[PDB]
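File shown: protein-v4.pdb (PDB, N, CA and C atoms).
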ATOM      1  N   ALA X  58     -51.755 -36.391  10.866
ATOM      2  CA  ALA X  58     -51.748 -35.130  10.139
ATOM      3  C   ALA X  58     -50.821 -35.193   8.966
ATOM      4  N   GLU X  59     -49.755 -35.963   9.106
ATOM      5  CA  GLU X  59     -48.802 -36.043   8.032
ATOM      6  C   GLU X  59     -49.547 -36.747   6.959
ATOM      7  N   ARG X  60     -50.243 -37.800   7.346
ATOM      8  CA  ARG X  60     -50.997 -38.539   6.380
ATOM      9  C   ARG X  60     -51.963 -37.561   5.784
ATOM     10  N   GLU X  61     -52.468 -36.664   6.615
ATOM     11  CA  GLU X  61     -53.472 -35.731   6.149
ATOM     12  C   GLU X  61     -52.970 -34.867   5.037
ATOM     13  N   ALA X  62     -51.839 -34.240   5.269
ATOM     14  CA  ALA X  62     -51.321 -33.322   4.283
ATOM     15  C   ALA X  62     -50.839 -34.060   3.068
ATOM     16  N   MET X  63     -50.473 -35.316   3.242
ATOM     17  CA  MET X  63     -50.055 -36.098   2.108
ATOM     18  C   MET X  63     -51.250 -36.194   1.219
ATOM     19  N   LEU X  64     -52.331 -36.680   1.794
ATOM     20  CA  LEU X  64     -53.530 -36.812   1.015
ATOM     21  C   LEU X  64     -53.778 -35.497   0.328
ATOM     22  N   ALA X  65     -53.636 -34.420   1.079
ATOM     23  CA  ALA X  65     -53.870 -33.100   0.523
ATOM     24  C   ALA X  65     -53.074 -32.818  -0.724
ATOM     25  N   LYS X  66     -51.810 -32.500  -0.531
ATOM     26  CA  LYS X  66     -50.989 -32.125  -1.646
ATOM     27  C   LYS X  66     -51.216 -33.107  -2.734
ATOM     28  N   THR X  67     -51.320 -34.372  -2.410
ATOM     29  CA  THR X  67     -51.415 -35.359  -3.454
ATOM     30  C   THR X  67     -52.510 -34.973  -4.391
ATOM     31  N   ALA X  68     -53.712 -34.903  -3.874
ATOM     32  CA  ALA X  68     -54.803 -34.631  -4.774
ATOM     33  C   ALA X  68     -54.585 -33.296  -5.448
ATOM     34  N   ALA X  69     -54.335 -32.254  -4.665
ATOM     35  CA  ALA X  69     -54.200 -30.924  -5.245
ATOM     36  C   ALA X  69     -53.161 -30.958  -6.335
ATOM     37  N   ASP X  70     -52.161 -31.789  -6.120
ATOM     38  CA  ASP X  70     -51.051 -31.897  -7.056
ATOM     39  C   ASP X  70     -51.492 -32.498  -8.380
ATOM     40  N   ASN X  71     -52.274 -33.578  -8.351
ATOM     41  CA  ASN X  71     -52.701 -34.154  -9.627
ATOM     42  C   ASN X  71     -53.582 -33.170 -10.391
ATOM     43  N   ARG X  72     -54.534 -32.552  -9.687
ATOM     44  CA  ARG X  72     -55.422 -31.586 -10.319
ATOM     45  C   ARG X  72     -54.647 -30.392 -10.856
ATOM     46  N   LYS X  73     -53.675 -29.882 -10.095
ATOM     47  CA  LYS X  73     -52.941 -28.714 -10.552
ATOM     48  C   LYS X  73     -51.917 -29.080 -11.612
ATOM     49  N   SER X  74     -51.509 -30.346 -11.698
ATOM     50  CA  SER X  74     -50.676 -30.778 -12.816
ATOM     51  C   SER X  74     -51.484 -30.806 -14.104
ATOM     52  N   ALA X  75     -52.720 -31.304 -14.035
ATOM     53  CA  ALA X  75     -53.606 -31.180 -15.189
ATOM     54  C   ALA X  75     -53.842 -29.712 -15.530
ATOM     55  N   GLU X  76     -54.070 -28.886 -14.506
ATOM     56  CA  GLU X  76     -54.266 -27.459 -14.721
ATOM     57  C   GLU X  76     -53.020 -26.801 -15.297
ATOM     58  N   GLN X  77     -51.832 -27.305 -14.963
ATOM     59  CA  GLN X  77     -50.596 -26.755 -15.505
ATOM     60  C   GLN X  77     -50.361 -27.191 -16.940
ATOM     61  N   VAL X  78     -50.768 -28.405 -17.307
ATOM     62  CA  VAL X  78     -50.780 -28.767 -18.723
ATOM     63  C   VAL X  78     -51.695 -27.817 -19.487
ATOM     64  N   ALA X  79     -52.894 -27.587 -18.947
ATOM     65  CA  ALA X  79     -53.824 -26.655 -19.578
ATOM     66  C   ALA X  79     -53.232 -25.252 -19.640
ATOM     67  N   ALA X  80     -52.546 -24.835 -18.573
ATOM     68  CA  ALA X  80     -51.984 -23.491 -18.513
ATOM     69  C   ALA X  80     -50.830 -23.329 -19.489
ATOM     70  N   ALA X  81     -49.996 -24.358 -19.633
ATOM     71  CA  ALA X  81     -48.933 -24.314 -20.628
ATOM     72  C   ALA X  81     -49.462 -24.161 -22.047
ATOM     73  N   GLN X  82     -50.495 -24.914 -22.391
ATOM     74  CA  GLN X  82     -51.048 -24.747 -23.707
ATOM     75  C   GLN X  82     -51.608 -23.359 -23.828
ATOM     76  N   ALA X  83     -52.399 -22.936 -22.868
ATOM     77  CA  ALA X  83     -53.089 -21.655 -22.961
ATOM     78  C   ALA X  83     -52.050 -20.553 -23.122
ATOM     79  N   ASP X  84     -50.958 -20.674 -22.403
ATOM     80  CA  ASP X  84     -49.916 -19.683 -22.514
ATOM     81  C   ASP X  84     -49.308 -19.747 -23.899
ATOM     82  N   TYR X  85     -49.256 -20.937 -24.485
ATOM     83  CA  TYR X  85     -48.677 -21.075 -25.804
ATOM     84  C   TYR X  85     -49.548 -20.378 -26.782
ATOM     85  N   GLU X  86     -50.818 -20.712 -26.767
ATOM     86  CA  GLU X  86     -51.708 -20.131 -27.744
ATOM     87  C   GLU X  86     -51.878 -18.636 -27.522
ATOM     88  N   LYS X  87     -51.755 -18.137 -26.296
ATOM     89  CA  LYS X  87     -51.839 -16.687 -26.165
ATOM     90  C   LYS X  87     -50.596 -16.005 -26.722
ATOM     91  N   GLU X  88     -49.411 -16.542 -26.424
ATOM     92  CA  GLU X  88     -48.190 -15.943 -26.947
ATOM     93  C   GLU X  88     -48.125 -16.071 -28.463
ATOM     94  N   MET X  89     -48.539 -17.219 -29.003
ATOM     95  CA  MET X  89     -48.577 -17.384 -30.451
ATOM     96  C   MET X  89     -49.565 -16.411 -31.078
ATOM     97  N   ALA X  90     -50.727 -16.230 -30.448
ATOM     98  CA  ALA X  90     -51.703 -15.283 -30.969
ATOM     99  C   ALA X  90     -51.145 -13.869 -30.966
ATOM    100  N   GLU X  91     -50.464 -13.481 -29.887
ATOM    101  CA  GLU X  91     -49.876 -12.147 -29.829
ATOM    102  C   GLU X  91     -48.810 -11.974 -30.905
ATOM    103  N   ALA X  92     -47.943 -12.975 -31.064
ATOM    104  CA  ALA X  92     -46.882 -12.879 -32.061
ATOM    105  C   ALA X  92     -47.452 -12.813 -33.471
ATOM    106  N   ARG X  93     -48.479 -13.614 -33.758
ATOM    107  CA  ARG X  93     -49.053 -13.615 -35.097
ATOM    108  C   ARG X  93     -49.874 -12.358 -35.351
ATOM    109  N   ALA X  94     -50.491 -11.792 -34.313
ATOM    110  CA  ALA X  94     -51.114 -10.482 -34.457
ATOM    111  C   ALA X  94     -50.070  -9.426 -34.782
ATOM    112  N   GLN X  95     -48.920  -9.481 -34.109
ATOM    113  CA  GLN X  95     -47.834  -8.563 -34.430
ATOM    114  C   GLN X  95     -47.382  -8.741 -35.872
ATOM    115  N   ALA X  96     -47.239  -9.990 -36.315
ATOM    116  CA  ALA X  96     -46.797 -10.250 -37.683
ATOM    117  C   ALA X  96     -47.809  -9.731 -38.699
ATOM    118  N   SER X  97     -49.096  -9.995 -38.467
ATOM    119  CA  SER X  97     -50.125  -9.544 -39.396
ATOM    120  C   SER X  97     -50.191  -8.023 -39.441
ATOM    121  N   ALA X  98     -50.112  -7.372 -38.279
ATOM    122  CA  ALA X  98     -50.124  -5.915 -38.256
ATOM    123  C   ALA X  98     -48.884  -5.338 -38.921
ATOM    124  N   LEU X  99     -47.729  -5.982 -38.744
ATOM    125  CA  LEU X  99     -46.513  -5.525 -39.403
ATOM    126  C   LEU X  99     -46.636  -5.649 -40.915
ATOM    127  N   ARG X 100     -47.189  -6.766 -41.392
ATOM    128  CA  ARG X 100     -47.392  -6.931 -42.827
ATOM    129  C   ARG X 100     -48.387  -5.906 -43.361
ATOM    130  N   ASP X 101     -49.447  -5.627 -42.600
ATOM    131  CA  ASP X 101     -50.418  -4.624 -43.027
ATOM    132  C   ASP X 101     -49.786  -3.240 -43.092
ATOM    133  N   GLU X 102     -48.959  -2.896 -42.102
ATOM    134  CA  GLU X 102     -48.260  -1.615 -42.131
ATOM    135  C   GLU X 102     -47.283  -1.551 -43.299
ATOM    136  N   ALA X 103     -46.606  -2.662 -43.593
ATOM    137  CA  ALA X 103     -45.710  -2.699 -44.742
ATOM    138  C   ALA X 103     -46.475  -2.497 -46.042
ATOM    139  N   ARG X 104     -47.650  -3.116 -46.168
ATOM    140  CA  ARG X 104     -48.465  -2.919 -47.363
ATOM    141  C   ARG X 104     -48.955  -1.480 -47.463
ATOM    142  N   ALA X 105     -49.314  -0.874 -46.331
ATOM    143  CA  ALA X 105     -49.713   0.531 -46.341
ATOM    144  C   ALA X 105     -48.557   1.420 -46.781
ATOM    145  N   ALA X 106     -47.353   1.140 -46.279
ATOM    146  CA  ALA X 106     -46.179   1.903 -46.691
ATOM    147  C   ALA X 106     -45.890   1.697 -48.173
ATOM    148  N   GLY X 107     -46.107   0.477 -48.667
ATOM    149  CA  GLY X 107     -45.950   0.223 -50.086
ATOM    150  C   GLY X 107     -46.976   0.996 -50.888
ATOM    151  N   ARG X 108     -48.189   1.141 -50.372
ATOM    152  CA  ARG X 108     -49.205   1.902 -51.093
ATOM    153  C   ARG X 108     -48.859   3.363 -51.045
ATOM    154  N   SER X 109     -48.274   3.817 -49.961
ATOM    155  CA  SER X 109     -47.801   5.196 -49.907
ATOM    156  C   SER X 109     -46.643   5.499 -50.852
ATOM    157  N   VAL X 110     -45.659   4.603 -50.947
ATOM    158  CA  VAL X 110     -44.522   4.847 -51.834
ATOM    159  C   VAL X 110     -44.963   4.771 -53.290
ATOM    160  N   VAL X 111     -45.897   3.869 -53.599
ATOM    161  CA  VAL X 111     -46.457   3.823 -54.948
ATOM    162  C   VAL X 111     -47.150   5.139 -55.270
ATOM    163  N   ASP X 112     -47.905   5.677 -54.309
ATOM    164  CA  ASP X 112     -48.561   6.964 -54.514
ATOM    165  C   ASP X 112     -47.540   8.081 -54.707
ATOM    166  N   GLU X 113     -46.453   8.055 -53.938
ATOM    167  CA  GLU X 113     -45.425   9.082 -54.079
ATOM    168  C   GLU X 113     -44.762   9.074 -55.452
ATOM    169  N   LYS X 114     -44.347   7.892 -55.896
ATOM    170  CA  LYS X 114     -43.659   7.780 -57.166
ATOM    171  C   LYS X 114     -44.622   8.093 -58.279
TER     172      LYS X 114
ATOM    173  N   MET D   1     -51.472 -78.854  41.036
ATOM    174  CA  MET D   1     -51.054 -79.120  39.631
ATOM    175  C   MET D   1     -52.272 -79.331  38.736
ATOM    176  N   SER D   2     -53.243 -80.099  39.231
ATOM    177  CA  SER D   2     -54.423 -80.415  38.429
ATOM    178  C   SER D   2     -55.125 -79.145  37.966
ATOM    179  N   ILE D   3     -55.290 -78.180  38.873
ATOM    180  CA  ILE D   3     -55.880 -76.900  38.495
ATOM    181  C   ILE D   3     -55.032 -76.230  37.423
ATOM    182  N   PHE D   4     -53.710 -76.242  37.604
ATOM    183  CA  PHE D   4     -52.822 -75.630  36.625
ATOM    184  C   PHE D   4     -52.939 -76.312  35.270
ATOM    185  N   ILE D   5     -52.958 -77.646  35.247
ATOM    186  CA  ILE D   5     -53.056 -78.365  33.978
ATOM    187  C   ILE D   5     -54.380 -78.052  33.293
ATOM    188  N   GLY D   6     -55.472 -78.045  34.059
ATOM    189  CA  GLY D   6     -56.768 -77.767  33.463
ATOM    190  C   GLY D   6     -56.847 -76.372  32.870
ATOM    191  N   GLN D   7     -56.402 -75.366  33.627
ATOM    192  CA  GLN D   7     -56.463 -74.005  33.109
ATOM    193  C   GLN D   7     -55.486 -73.810  31.959
ATOM    194  N   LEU D   8     -54.364 -74.531  31.959
ATOM    195  CA  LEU D   8     -53.433 -74.448  30.838
ATOM    196  C   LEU D   8     -54.036 -75.050  29.578
ATOM    197  N   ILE D   9     -54.756 -76.163  29.709
ATOM    198  CA  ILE D   9     -55.424 -76.742  28.548
ATOM    199  C   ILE D   9     -56.505 -75.797  28.038
ATOM    200  N   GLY D  10     -57.247 -75.167  28.951
ATOM    201  CA  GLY D  10     -58.223 -74.174  28.525
ATOM    202  C   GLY D  10     -57.583 -73.009  27.794
ATOM    203  N   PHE D  11     -56.449 -72.526  28.310
ATOM    204  CA  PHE D  11     -55.729 -71.447  27.647
ATOM    205  C   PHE D  11     -55.259 -71.877  26.265
ATOM    206  N   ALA D  12     -54.777 -73.115  26.145
ATOM    207  CA  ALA D  12     -54.359 -73.619  24.844
ATOM    208  C   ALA D  12     -55.529 -73.679  23.874
ATOM    209  N   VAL D  13     -56.698 -74.116  24.342
ATOM    210  CA  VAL D  13     -57.866 -74.193  23.467
ATOM    211  C   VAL D  13     -58.262 -72.802  22.986
ATOM    212  N   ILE D  14     -58.321 -71.832  23.901
ATOM    213  CA  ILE D  14     -58.704 -70.483  23.489
ATOM    214  C   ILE D  14     -57.640 -69.871  22.580
ATOM    215  N   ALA D  15     -56.362 -70.148  22.844
ATOM    216  CA  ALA D  15     -55.298 -69.646  21.985
ATOM    217  C   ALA D  15     -55.432 -70.212  20.579
ATOM    218  N   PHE D  16     -55.716 -71.511  20.475
ATOM    219  CA  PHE D  16     -55.937 -72.117  19.165
ATOM    220  C   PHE D  16     -57.132 -71.478  18.472
ATOM    221  N   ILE D  17     -58.213 -71.246  19.218
ATOM    222  CA  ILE D  17     -59.407 -70.650  18.623
ATOM    223  C   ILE D  17     -59.078 -69.282  18.038
ATOM    224  N   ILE D  18     -58.400 -68.440  18.819
ATOM    225  CA  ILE D  18     -58.106 -67.087  18.350
ATOM    226  C   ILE D  18     -57.102 -67.124  17.203
ATOM    227  N   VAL D  19     -56.138 -68.046  17.254
ATOM    228  CA  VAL D  19     -55.118 -68.111  16.214
ATOM    229  C   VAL D  19     -55.707 -68.611  14.903
ATOM    230  N   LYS D  20     -56.729 -69.466  14.964
ATOM    231  CA  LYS D  20     -57.296 -70.049  13.757
ATOM    232  C   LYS D  20     -58.499 -69.284  13.223
ATOM    233  N   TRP D  21     -59.144 -68.449  14.041
ATOM    234  CA  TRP D  21     -60.331 -67.720  13.608
ATOM    235  C   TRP D  21     -60.295 -66.227  13.890
ATOM    236  N   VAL D  22     -59.559 -65.769  14.899
ATOM    237  CA  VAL D  22     -59.468 -64.349  15.210
ATOM    238  C   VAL D  22     -58.188 -63.735  14.658
ATOM    239  N   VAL D  23     -57.077 -64.473  14.709
ATOM    240  CA  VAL D  23     -55.822 -63.966  14.147
ATOM    241  C   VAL D  23     -55.924 -63.751  12.644
ATOM    242  N   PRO D  24     -56.512 -64.649  11.856
ATOM    243  CA  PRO D  24     -56.517 -64.467  10.396
ATOM    244  C   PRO D  24     -57.181 -63.164   9.977
ATOM    245  N   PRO D  25     -58.412 -62.886  10.424
ATOM    246  CA  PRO D  25     -59.050 -61.627   9.993
ATOM    247  C   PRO D  25     -58.321 -60.377  10.462
ATOM    248  N   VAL D  26     -57.883 -60.345  11.698
ATOM    249  CA  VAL D  26     -57.244 -59.175  12.185
ATOM    250  C   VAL D  26     -56.049 -59.041  11.377
ATOM    251  N   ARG D  27     -55.390 -60.140  11.065
ATOM    252  CA  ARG D  27     -54.156 -60.035  10.346
ATOM    253  C   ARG D  27     -54.431 -59.418   9.012
ATOM    254  N   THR D  28     -55.398 -59.942   8.273
ATOM    255  CA  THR D  28     -55.637 -59.455   6.910
ATOM    256  C   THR D  28     -56.264 -58.072   6.826
ATOM    257  N   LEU D  29     -57.024 -57.687   7.830
ATOM    258  CA  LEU D  29     -57.572 -56.361   7.811
ATOM    259  C   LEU D  29     -56.399 -55.450   7.886
ATOM    260  N   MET D  30     -55.467 -55.769   8.771
ATOM    261  CA  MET D  30     -54.325 -54.897   8.960
ATOM    262  C   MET D  30     -53.522 -54.912   7.689
ATOM    263  N   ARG D  31     -53.467 -56.064   7.044
ATOM    264  CA  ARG D  31     -52.728 -56.191   5.806
ATOM    265  C   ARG D  31     -53.264 -55.186   4.833
ATOM    266  N   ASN D  32     -54.568 -55.192   4.622
ATOM    267  CA  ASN D  32     -55.177 -54.289   3.660
ATOM    268  C   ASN D  32     -54.979 -52.839   4.049
ATOM    269  N   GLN D  33     -55.086 -52.540   5.336
ATOM    270  CA  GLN D  33     -54.896 -51.180   5.783
ATOM    271  C   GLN D  33     -53.535 -50.714   5.380
ATOM    272  N   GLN D  34     -52.535 -51.515   5.674
ATOM    273  CA  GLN D  34     -51.169 -51.122   5.380
ATOM    274  C   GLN D  34     -50.927 -51.031   3.897
ATOM    275  N   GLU D  35     -51.553 -51.915   3.140
ATOM    276  CA  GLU D  35     -51.367 -51.941   1.707
ATOM    277  C   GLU D  35     -51.911 -50.670   1.116
ATOM    278  N   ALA D  36     -53.007 -50.181   1.677
ATOM    279  CA  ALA D  36     -53.611 -48.971   1.165
ATOM    280  C   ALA D  36     -52.811 -47.786   1.622
ATOM    281  N   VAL D  37     -52.222 -47.879   2.802
ATOM    282  CA  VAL D  37     -51.384 -46.807   3.236
ATOM    283  C   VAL D  37     -50.334 -46.706   2.172
ATOM    284  N   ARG D  38     -49.777 -47.858   1.831
ATOM    285  CA  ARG D  38     -48.699 -47.876   0.865
ATOM    286  C   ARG D  38     -49.133 -47.206  -0.403
ATOM    287  N   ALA D  39     -50.264 -47.633  -0.928
ATOM    288  CA  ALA D  39     -50.721 -47.086  -2.182
ATOM    289  C   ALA D  39     -50.775 -45.578  -2.117
ATOM    290  N   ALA D  40     -51.380 -45.031  -1.073
ATOM    291  CA  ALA D  40     -51.544 -43.580  -0.982
ATOM    292  C   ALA D  40     -50.233 -42.869  -0.739
ATOM    293  N   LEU D  41     -49.413 -43.445   0.123
ATOM    294  CA  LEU D  41     -48.142 -42.843   0.392
ATOM    295  C   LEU D  41     -47.521 -42.641  -0.948
ATOM    296  N   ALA D  42     -47.616 -43.660  -1.787
ATOM    297  CA  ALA D  42     -47.005 -43.580  -3.100
ATOM    298  C   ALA D  42     -47.635 -42.487  -3.930
ATOM    299  N   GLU D  43     -48.924 -42.627  -4.193
ATOM    300  CA  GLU D  43     -49.627 -41.615  -4.935
ATOM    301  C   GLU D  43     -48.931 -40.302  -4.702
ATOM    302  N   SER D  44     -49.019 -39.789  -3.486
ATOM    303  CA  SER D  44     -48.419 -38.486  -3.261
ATOM    304  C   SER D  44     -47.112 -38.365  -3.973
ATOM    305  N   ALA D  45     -46.227 -39.317  -3.750
ATOM    306  CA  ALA D  45     -44.900 -39.214  -4.340
ATOM    307  C   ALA D  45     -44.958 -39.068  -5.853
ATOM    308  N   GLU D  46     -45.765 -39.879  -6.516
ATOM    309  CA  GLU D  46     -45.846 -39.851  -7.972
ATOM    310  C   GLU D  46     -46.503 -38.581  -8.497
ATOM    311  N   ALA D  47     -47.498 -38.073  -7.786
ATOM    312  CA  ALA D  47     -48.182 -36.862  -8.194
ATOM    313  C   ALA D  47     -47.220 -35.738  -8.061
ATOM    314  N   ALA D  48     -46.284 -35.875  -7.135
ATOM    315  CA  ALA D  48     -45.252 -34.870  -7.060
ATOM    316  C   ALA D  48     -44.409 -35.048  -8.312
ATOM    317  N   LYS D  49     -44.253 -36.293  -8.765
ATOM    318  CA  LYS D  49     -43.516 -36.501 -10.007
ATOM    319  C   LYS D  49     -44.262 -35.898 -11.191
ATOM    320  N   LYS D  50     -45.581 -36.087 -11.237
ATOM    321  CA  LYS D  50     -46.383 -35.504 -12.307
ATOM    322  C   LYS D  50     -46.403 -33.985 -12.203
TER     323      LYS D  50
END
Full structure transcribed into structure tokens:
Amino acid sequence: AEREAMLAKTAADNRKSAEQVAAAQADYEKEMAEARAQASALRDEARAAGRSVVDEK
Amino acid sequence: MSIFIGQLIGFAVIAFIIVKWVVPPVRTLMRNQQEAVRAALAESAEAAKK
């Protein structure tokens, strides 16, 4: 059985290590996407505020 | 004594036969079994490293 579980974790471990490489990237690109969406929306709001101040003056 | 000598020579002949033709394969099959145990035992360890 010890041999059994060794075989077990072993395989599951290699597959889940590949899955964790994939998960690390995916987490990177999701966090980067969220941050860059925040940046783009902030720049758009800044441009809108600039269009408002231009209208005011 | 004669019976003892004869059966002892027969035992020696069969021992030689098994040592020269039965011992080698059993030995190497076991060798491979253990070698593969080794390989897998390791795998686990390294995959834990990965």
For chain X against chain D, with a cut-off of 6 Å and counting all atoms listed in the file, what is the closest atom pair and its distance in Å to one decimal for every residue that makes the cut, ordered by chain and number, as a Markdown table?
| residue | atom | partner | partner_atom | distance |
| --- | --- | --- | --- | --- |
| X:63 | C | D:44 | CA | 5.8 |
| X:67 | CA | D:44 | CA | 4.3 |
| X:70 | C | D:47 | C | 5.4 |
| X:71 | N | D:47 | CA | 5.2 |
| X:74 | CA | D:50 | C | 5.4 |
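Computed from the coordinates, the atom C of residue 80 of chain X to atom C of residue 96 of chain X distance equals 23.7 Å.
Note that the spacing between atom CA of residue 83 of chain X and atom C of residue 97 of chain X amounts to 21.6 Å.
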Report, as AutoDock Vina command-line options, the centre and edge lengths in Å (one decimal) of the axis-aligned box enclosing every listed atom of segment 20-36 of chain D, padded by 6 Å on each side.
--center_x -55.6 --center_y -58.9 --center_z 8.2 --size_x 21.4 --size_y 34.3 --size_z 26.1
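Between atom CA of residue 95 of chain X and atom CA of residue 112 of chain X lies a distance of 25.4 Å.
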